[PDB]
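First the structure, then my questions, so here it is.
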Amino acid sequence: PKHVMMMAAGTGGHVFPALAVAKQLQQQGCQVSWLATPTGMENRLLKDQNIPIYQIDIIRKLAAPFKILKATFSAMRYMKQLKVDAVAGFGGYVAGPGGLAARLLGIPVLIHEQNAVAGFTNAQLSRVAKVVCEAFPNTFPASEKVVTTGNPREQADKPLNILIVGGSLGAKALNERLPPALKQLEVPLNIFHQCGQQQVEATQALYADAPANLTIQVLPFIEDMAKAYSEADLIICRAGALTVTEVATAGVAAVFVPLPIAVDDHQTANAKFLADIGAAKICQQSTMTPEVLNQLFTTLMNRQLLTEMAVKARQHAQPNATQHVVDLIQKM
Amino acid sequence: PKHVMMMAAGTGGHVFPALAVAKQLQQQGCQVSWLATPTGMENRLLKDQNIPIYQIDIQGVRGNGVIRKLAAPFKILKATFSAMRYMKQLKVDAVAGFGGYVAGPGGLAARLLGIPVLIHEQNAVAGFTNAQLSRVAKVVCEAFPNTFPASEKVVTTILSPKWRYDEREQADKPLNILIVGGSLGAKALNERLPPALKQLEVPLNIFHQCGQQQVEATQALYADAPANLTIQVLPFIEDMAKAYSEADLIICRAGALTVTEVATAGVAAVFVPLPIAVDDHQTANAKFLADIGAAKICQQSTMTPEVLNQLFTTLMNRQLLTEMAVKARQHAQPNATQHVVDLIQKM
Amino acid sequence: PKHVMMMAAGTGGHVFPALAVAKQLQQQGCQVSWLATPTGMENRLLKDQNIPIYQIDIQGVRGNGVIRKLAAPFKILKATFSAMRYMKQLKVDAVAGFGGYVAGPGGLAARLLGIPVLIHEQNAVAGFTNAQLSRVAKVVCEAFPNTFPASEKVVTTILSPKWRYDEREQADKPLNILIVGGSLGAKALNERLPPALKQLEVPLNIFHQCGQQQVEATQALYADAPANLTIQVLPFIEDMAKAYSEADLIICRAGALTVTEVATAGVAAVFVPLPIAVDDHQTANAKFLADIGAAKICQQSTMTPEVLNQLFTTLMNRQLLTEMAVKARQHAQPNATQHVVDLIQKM
Amino acid sequence: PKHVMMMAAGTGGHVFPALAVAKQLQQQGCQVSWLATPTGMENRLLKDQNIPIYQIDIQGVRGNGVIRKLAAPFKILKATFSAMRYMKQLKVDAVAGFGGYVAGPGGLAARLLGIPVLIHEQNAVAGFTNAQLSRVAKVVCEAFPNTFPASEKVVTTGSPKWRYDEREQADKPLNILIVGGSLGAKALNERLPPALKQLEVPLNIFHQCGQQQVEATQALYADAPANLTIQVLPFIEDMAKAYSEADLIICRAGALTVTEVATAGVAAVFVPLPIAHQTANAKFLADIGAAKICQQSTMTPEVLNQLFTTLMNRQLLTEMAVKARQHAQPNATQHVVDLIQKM
Amino acid sequence: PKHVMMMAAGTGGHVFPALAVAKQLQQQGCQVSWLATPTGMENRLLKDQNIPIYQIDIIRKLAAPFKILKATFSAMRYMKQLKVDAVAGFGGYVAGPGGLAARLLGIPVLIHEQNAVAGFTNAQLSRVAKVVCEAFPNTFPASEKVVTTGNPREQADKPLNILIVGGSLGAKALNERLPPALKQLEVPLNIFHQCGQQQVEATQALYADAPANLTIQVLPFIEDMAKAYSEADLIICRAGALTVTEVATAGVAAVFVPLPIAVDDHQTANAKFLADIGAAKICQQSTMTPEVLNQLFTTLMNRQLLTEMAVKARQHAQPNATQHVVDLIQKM
Amino acid sequence: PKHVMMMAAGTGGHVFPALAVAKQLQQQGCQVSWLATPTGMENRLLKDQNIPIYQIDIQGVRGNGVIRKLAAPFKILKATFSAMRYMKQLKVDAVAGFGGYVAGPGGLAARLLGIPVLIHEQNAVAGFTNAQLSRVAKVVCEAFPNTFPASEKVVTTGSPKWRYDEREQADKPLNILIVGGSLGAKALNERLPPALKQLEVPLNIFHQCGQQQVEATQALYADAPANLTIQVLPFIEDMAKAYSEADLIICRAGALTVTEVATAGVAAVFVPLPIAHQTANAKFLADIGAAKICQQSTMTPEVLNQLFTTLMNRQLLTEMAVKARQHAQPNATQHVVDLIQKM
């Protein structure tokens, strides 16, 4: 049986696409192992997932040029003992040391970058990777890289369903500035607003001042996220990597308010995928004012416009990425 | 009869657009003052520039043993009032800020006095101090078209290179590629660029800028096989304007003002944007011309001998370089330094 | 018909004077809002206080790996506009700030909106954010008389302990000294204070507050020789008001509000001010009553068994303690919490 | 009632010998007090130990809005006098300090008052506080002989069956005991199974893994363990049992654990912790004794077999563990108490 | 001959009073040695002063509780070799370790604090000092401390001589805010203004706008400082420790603008010595506005008021501190 | 024309042996290249050395307004590939790395390409980069024998008169040579004069003080120097002369200076630098040889006399310096060049 070792850092949501590839690999007769750091976030996520996790190097401090050597040989020892046959790393630092360790052992490397702007380790690692999977098309240049995506409205005069998702986090900026310029919209709306935990009371006050024609509901979490998508006629949310990939895979018109201070503005680069082809608008948080909000929503409240947006979005997406990546790993 | 105070930080290239707008404001009968930090490089750049510089302090003080550490956030409040006193004492009539940290405190200080504020952002992605300041500014100049959302003018700063087709219509000329690495010289360009250039089977004329004390190093890389290429290595370019017009393809850092120069002269460009730029802003500057179809962008990180050759193989056609250079010159905004001066005066 | 927003930082004891002024503003028909930081302790103090708290961010972000480090000075500009949006959204009619970092950004934000600002400084030496903010505030309340130079009111926050002579005129009472170490307990007071007290040959009645989980430790120090002294050790004082009136001499940290309590009740005090206070401000608070002749100040650093006894030897006279307590009560400003509320409304 | 004050740092190693001598002093009619830092871990260890603890602060103060930033070396001066009044107030008659940061200020505090100082160093290489303090100590207890060269230094460091007797096992597989420390023991779990499961000898491997590391190493073992009867456990409840049964022990060369292996006379292959001075602890038994030392940095699965190949005969291990037990310093807790009292 | 060792840190101007005590000790038949840190500022100041300097402990970093032990025994070795007979330390960190080293050897310690608020090392060190000299009276409590000070106008209708000294430093706040509210004073003035080096051109512009009745002169440095004092009818300057002690020793009315962020506000505590007895006013820099400046100067422009101020100031000063400290050192 | 690339860190110790082997390789018809960091000091040392230098960046980037803050471990990854293309571009045939930070990235870069690696470790305790790199090195040169335990490790470290011959001095005072390093030598100036001026033997003390320390120690000496003929100098222009004349040397146990004292066969009392591993360098000559080792931390004027009392006879020093010279490894620069070429 072929033994693939996965590399994903928990911070930056690399595990969730990696987890999909690994679990599918298991079901196709492979053996999966995970290389992670101790005190890395991957450990909490992969609890109860029943694939073995291996950690490498650690109130002590060891110099940077040394710490890289300890990690590379630590991982290399793990791959040689466990007879690791191929390694797939989905980005983050852990891929760096393990990736060299793989190459030194001679086992081939597959990297997958799920953002539109290539992350630092995956850019360097791209030169020794046997295959470089890219979520978005122009993330890498030339032959080695193959594109893939990470994770898998009729009119009966119904009102516009507006969906606002803040995330597991607060996403304060949506909770605080959206109700004000939204509850002064003339058209009839149906707001389904996901606040995050400790902001439910606070923002429900922001809405209730002038409900007017439109109905409103505020909730902390959405149990069935898939239901909320199909019915939503316009979605307002962070341009995360999976969130952009989900908004595309199900055709939903969207107005992306990308995460500020994200590192290579990768969140805006994610959103700019759908934004410049014309499947979603991007409204920067820093420059967001009542006038740009209202003039953006004023022109967005035509349900036909949202459908033209949402169909272009469902077209521009790669549907079978979870199994498309698995194929590449095995043919190595 | 008007007194404008300029805010531009030296570290980023904002002093240069500000200085140009400042110089014309002076000669248009105005008096200009500069608000700058004491530890910024803008001071040396404006030495012998005949505009008075007034300083505010932004770095948090620490550990003298006679003076206790003063948190940076306390100093930013002091800088706001330090600058506010300056504008009231000097009776400043308008404040124009090109970005950098100092424009932030000074900008609030102007608004507290009631002075109107103009900000100018020279990048394609808005820098943090200008984005916040935009909410309280009277006029917002934006370099590239969709940098801010609404009600702001779109104007960016020897703009006389002739039109791209005429300058480009050459009977049997050698390709004449140009590589500019900066005042300091881009190590990443000086090595690994000659290797893929001297593997091209077409006759070209390379003029390469490596930067000081790096001349010997890059001159060595070139020497191995110049069969059909005539190469020259230089530290800096005396005349950038002529070097532009004669250039059929330019390869250079995306820069902020360099995108504007490549656009304003109409040169097909291969932008190799600066790595780990703060909001990847150099890629965004380069994506301006790239998306319209006048430049290709080739990242250092992903760049190998093979991706270089596959890019040049298709780029060594003069019909293509002209088609590119024309698209670039179309979307260029000249006489905009004069456009910003005008906006300031009507405030 | 008026909406005031309060700015008080939790770490320093500014939330307490602000909360008192806030509570009366509410019951005088106003509505009050609190501008606070997300990471400040003011939030826990105002829990279950029935005023809405609105947060602005002041600490510079760093090293997420998904989010780049954002310099603290950038965040202070964001906080100013974050707060400015809050005041405009909530239609704040006046802003009153008691010091701390948050009052700084929020204060500029109010002034940018045109909202009038009242600051209140509860120390004898002005803290940095209030000193700068004073240039742009409509009304400046100062706790102690010469804290600021001109055109500002001088008012500081169960002020009903009876007049010092009446409460002090006691027929054959034991001296009844009081020692209060804080909510946490002042290690420096709990040790080395009993040693010099139990070396006094006069009959006294010690009521000593050591603080939680420190009761056993200080109770041991006391036990060696209580021949003429009756000592009691307690963790905290349930009733501070009665504990004040009965106290003939108080020894305690100079504090900000504690100087005001010792003054407003009229108790002779020995202030042992907090070490390495930021502008030595606790000594300045204590020097208020000390210079007028109502309290002695005895520094921890210089304090030895001998200097303690030489201080108490002269301080164990009840004629002196009364003379001191009277001088302290004379310079006290009661009904000033109500005085600050009034200033806010006329703005 | 002679009044001794002890000095012990937050890290566990300094306090345990200090506690042992302190508790022994108490049963001998003395009065014992402890000098410790606040927020140091000694407090959790001395909780309910029925010694009064006195805290002296040696950590620098971080800037606060309400208090100033105070550089650490200034607090160290406060600490020295802060401690000095403690000894004058408490009428301390002698001071016994086992090393660590806290001992430095307290030791000067003692000498300034005129109190005598006894220091005890539990490592084979002298730690900086004891090194400096050696000049002002009345008596210097040294764990190992090659620590201090002075005229008045004594040698000692704070019941199982004799080695030869315990190792007389007619016929049985080699019992190998691997104790990965609580701290930094990951390196042991990672490269020991590789070379152990490639030994053609009968072994009975008892491996102490540390919590949350159990599953991972069991994966390393189950690959071709022909004849090894391996058991992996996270921590050992009764460590004393493990020693006697242990025919070869593989472990970090701690300070306390070196003397334990010597006291029980068990053959050992010490893989000293690489950041500590810890290597000098192994070289005590390695050089004049017979236990073996294998450096971690250069340690590979390939050199392990070359070391283990020669170590897998019980005669060599017995010869080793006899030499190790010969050198141990027993009744050393009581030897230090005596030195304290004659001061 | 008696051998005294001096301890002074260069930062905070401790050497200048110490230097006076030491050089006088030399002239009275003593032997003087200096204990200092390497890379301490004391070394540049004591160059060319011909008393031997000894340094102790040092891109390496050694933990704080260890660094104190190394320093104390380093100094102790120096005192034992050089047969140091008494030690006088004028504050700063170097006094801390050496001071213990002195006590451990049994040589007596004399400390001198030249500020009104006791510095951190001198406060702790006060318990083992044989004699504690204090510049200002209430700096220490009780018997051991003895007070001392560190370093040694008729009307012919002449105009008010205003003297503004910024220091070796810029003292920007005086150069920038004083000319504005001063050049709009009605009375006739004579400004002698010490700018500091790179501010001479800048501030001369600030004055020349409205010279009016009063004459002005701006200079970088004052060659003869003593001359500038006697003629000055009002002085405006930082409340340094020596500057307050100099303004007192020569009777000069003064308005102190104490150094901001000084550590225990010691500069204001220095000024408050003369300020609350009525020999000088204090105008805080942070709160300083055109209105408080003008209302302060408006009431200060009477030459009789300045004389009442300046005589009270010359009274409250200790004149023979340099020789008063030397006596204490020898009787030890 | 075999193309070797060298790897050397900014600190002087790694580069000097590297430079010696590099220059020797060049005279043997090879092509030599250097891997170094930018802003590292190797550049100043290799200036005008007629070797092409190639820079790889291993230092973390501080946040700037215009560029992001980049954590150091990320730059280390860039460095490894940044260096790797250098070797592919320059057609490097073998890599010789003498330790330090730069060697780590370059060594992986070599192995990834398939280039062979030779490392050489100049200390007696193996440094971390060479320790890890030992697993992938084709040949491991070790300065001292007890560094690595492998099958393919060799022993060596990069003209004056034989000891016995040079020490045959009919009648003359003991020439004592004290070289305080350029770095951290203050401790030597401070406690050597005390115990030297209390020796009742004829000495001729030559003391190397270091700049700006000259006057201070001369004060320490002039106090009762009865018979010592002392000379203090800041630095020694001709150090080779000082060795031959030196009858006892007192000095820091550097890495290069240990092998120099051994090569010239001079008796030494090593006071190793206390923060370095430097102590392990002295123990080479101390243990199997006869030069003496005196720890700095515990070092007092009182133990110095007890050490010097026994060291002041010329027979003992000669017996020592003969044993030290016996163990030196000469023509070791040429021994490393040979190992490089057979790769």
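Each chain gets a letter, A, B, C, D, E and F, in the order it is written, and its residues are counted from 1.
Following the convention adopted for this analysis, a residue touches a chain if its C-beta (ideal position, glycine included) is under 8 Å from a C-beta of that chain, and two chains touch if they have at least 3 such contacts.
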Item checked: Least hop count linking chain A to chain E through chains in contact -> 2
Margin query: Quick check: how many Å separate the C-alpha centres of chain C and chain E?
Written below: 33
Notebook entry, point to check: If you average the CA atoms of chain B and of chain C, how many Å lie between those two points?
Noted result: 53
Check: Measuring from the mean C-alpha position of chain C to the mean C-alpha position of chain F, what distance in angstrom results?
Finding: 62
Item checked: Where chain D touches two or more other chains at once, by residue number -> 68, 70, 128, 132, 135
Note to self: Touching pairs of chains, all of them, please.
What the structure shows: A-B, A-C, A-D, A-F, B-C, B-D, B-E, B-F, C-D, C-E, C-F, D-E, D-F, E-F
Item checked: In the complex, chain C residues that touch chain D -> 9, 11-12, 100-101, 187, 191-192, 195, 220, 274, 276-278
Notebook entry, point to check: Within the complex, which stretch of chain D touches chain F?
Noted result: 126, 128, 131-132, 134-135, 148-150, 295, 297-298, 300, 303, 306
Notebook entry, point to check: Contact residues on chain B for chain C in the complex?
Noted result: 58, 68, 70-78, 80-81, 101, 104-105, 108, 111-112, 128-129, 132-133, 135-136, 278
Note to self: Applying the document's contact rule, which stretches of chain C touch chain F when the two form their complex?
What the structure shows: 63, 68-69, 71
Check: Which part of chain D faces chain C closely enough to touch in the complex?
Finding: 52, 55, 61, 64-68, 70, 85, 89
